[PDB]
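This document starts with one chain, in the form deposited in one PDB entry, laid out as structure tokens.
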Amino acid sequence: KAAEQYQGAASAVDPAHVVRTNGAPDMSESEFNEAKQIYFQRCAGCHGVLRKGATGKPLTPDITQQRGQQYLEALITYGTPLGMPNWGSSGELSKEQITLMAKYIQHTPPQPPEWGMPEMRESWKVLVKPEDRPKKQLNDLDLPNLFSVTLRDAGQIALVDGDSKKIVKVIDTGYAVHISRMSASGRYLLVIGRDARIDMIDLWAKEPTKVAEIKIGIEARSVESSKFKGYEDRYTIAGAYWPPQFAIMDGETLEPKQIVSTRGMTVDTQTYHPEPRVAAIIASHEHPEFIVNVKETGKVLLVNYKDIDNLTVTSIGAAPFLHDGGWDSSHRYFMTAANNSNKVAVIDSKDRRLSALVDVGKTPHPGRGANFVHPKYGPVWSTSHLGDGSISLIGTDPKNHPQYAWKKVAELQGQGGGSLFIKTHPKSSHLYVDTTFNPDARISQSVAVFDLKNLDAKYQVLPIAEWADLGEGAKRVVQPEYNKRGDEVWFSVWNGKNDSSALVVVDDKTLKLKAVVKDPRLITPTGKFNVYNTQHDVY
């Protein structure tokens, strides 16, 4: 009873300021559930699970009830010129469904489940123990020139032989794999589904097979491996959208070791955000650390894994809505884009500080980017945009080019907006830019190609989808990617699940069609990752 009286006094919290949430329009289970289904299918991607993920005012009951039914129905029906699509005018949703959505967002957001160590360990599986694995490569494949291609809707990936242009093996994975990464030893391929399911693949088995799997959350986009000298295959890390966390696992068995929450304060307003989704992750070559991007809070965390028992993290403020990015030519400065902020943040992995914030076009989407030496400006890194058809060129040589370092030194103009990936190679004199989400069929079905030796000349349009000879469907082209020797560039013709897709290969030296990869198993091909170029960050 002593300790009971010790903790007996009243809380300093004032009961009058603790608020009960409600005042929302009544809706039955049937109604609420119908709206909820539409929300996660059509609205969650942008607005998040807790509805504070998009720009502008959140869809939380404090704001939505302020607006009212009529305002909400009207906004959902016609959308806004600032990124909010129209659901009524387009005919996507009915007025009955819209009335339900307006009522739905006036209620407290329903909570998805958490995903802690117990859930992770339960999902963890060692298919083949390290001891039972081969001591050397048991097949005669040219592993470095292998391509890990995502068979999105089929929940698989396919290993495609670079030179033979044929599928060597199809592997079952998590749903709609987002990216594929290579371990520092060049032996293990890591893939992560958008459902947060990771699969570890041993390229040395007679037939490349999975040796381990685990689920790190409910939804995720990124996975990465330790690339600092002396740590080959030591640790694997992955970022989840939900729950807002990232986990570190054993690089050899995928055993969950540490789980860290990213819920916290924003860089701009320094206010609390309950859903800071983890975006791009890149491994540092300067220190034994992982560079993790936190979207909504706009924070870049340097997670040191020299000692994972007592985790040391350095939090660098950048800019809101961090997404994708990649190394500069020297592999020291992490060029990442804060797309909704229309800026590119530059992270010095050596000094461990924000080198700069560069103003670019509308919604930068570099991917990993494209590096090359500009005649006039020296070493640069480039990115295309979703919001416009411009290409930003940024100086990345502070040491020998201080006049151009971290400055949007110049621009280029591609076919138009809706661009996703820009690309080049050290041995190439070409710069490729796609237009996957451009509203025009012809533009979305082709790629622009610039001449690095003559940047003043207009790009040449390569009819990628046309060359595929596939028939009907949107046939959107996406992410250009080089081979080991980078004497040929690959593209994906992302056609419908019930349509016909293909991989188109172009001779980089001549800009001529070289091969077209077709197979009934090649369903909804999206991302493609050459083993060598991915492992050694060649872009």
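Residue numbers here begin at 1 and follow the sequence given. The term rigid core refers to the most C-alpha atoms you can superpose between the two forms while keeping them within 1.5 Å.
For the segment pair 150-158 and 87-95, the entry gives 87-95 the higher mean B-factor, averaged over Cα atoms. Remark: stretch with higher mean C-alpha B factor among 464-472 and 257-265 is 464-472. For the set 404, 437, 272, 115, the PDB entry assigns the largest Cα B-factor to 404.
Within the group 293, 284, 382, 185, the record's highest C-alpha temperature factor is found at 185. Placement of the Cα temperature factor of residue 252 within the chain: middle third of the modelled residues, per the deposited record. When all modelled residues of the chain are sorted by CA temperature factor, residue 145 is found within the middle third. Compared with the other modelled residues of the chain, the Cα B-factor recorded for residue 389 ranks in the middle third. When all modelled residues of the chain are sorted by CA temperature factor, residue 57 is found within the middle third.
Looking at the C-alpha B-factors along this chain, the one for residue 47 belongs to the lowest third.
Same protein, other form: the form deposited in another entry, not shown, and the subject of what follows.
Just one of 316, 455, 93, 356 moves its Cα by 2 Å or more between this form and the one not shown on a rigid core overlay, and this residue is 93. Once both forms are fitted on their rigid core, the CA atom of residue 412 lies less than 2 Å apart between this form and the one not shown.
Relative to the superposed core, residue 494 undergoes a Cα shift of 2 Å or more between this form and the one not shown.
After superposing the rigid core, the Cα of residue 290 is displaced by less than 2 Å between this form and the one not shown. Look at residue 294 and residue 53: in the other form their Cα atoms move 3 Å or more farther apart than in this form. Whereas the displayed form keeps them at a certain spacing, the CA atoms of residue 50 and residue 299 lie at least 3 angstroms farther apart in the other form.
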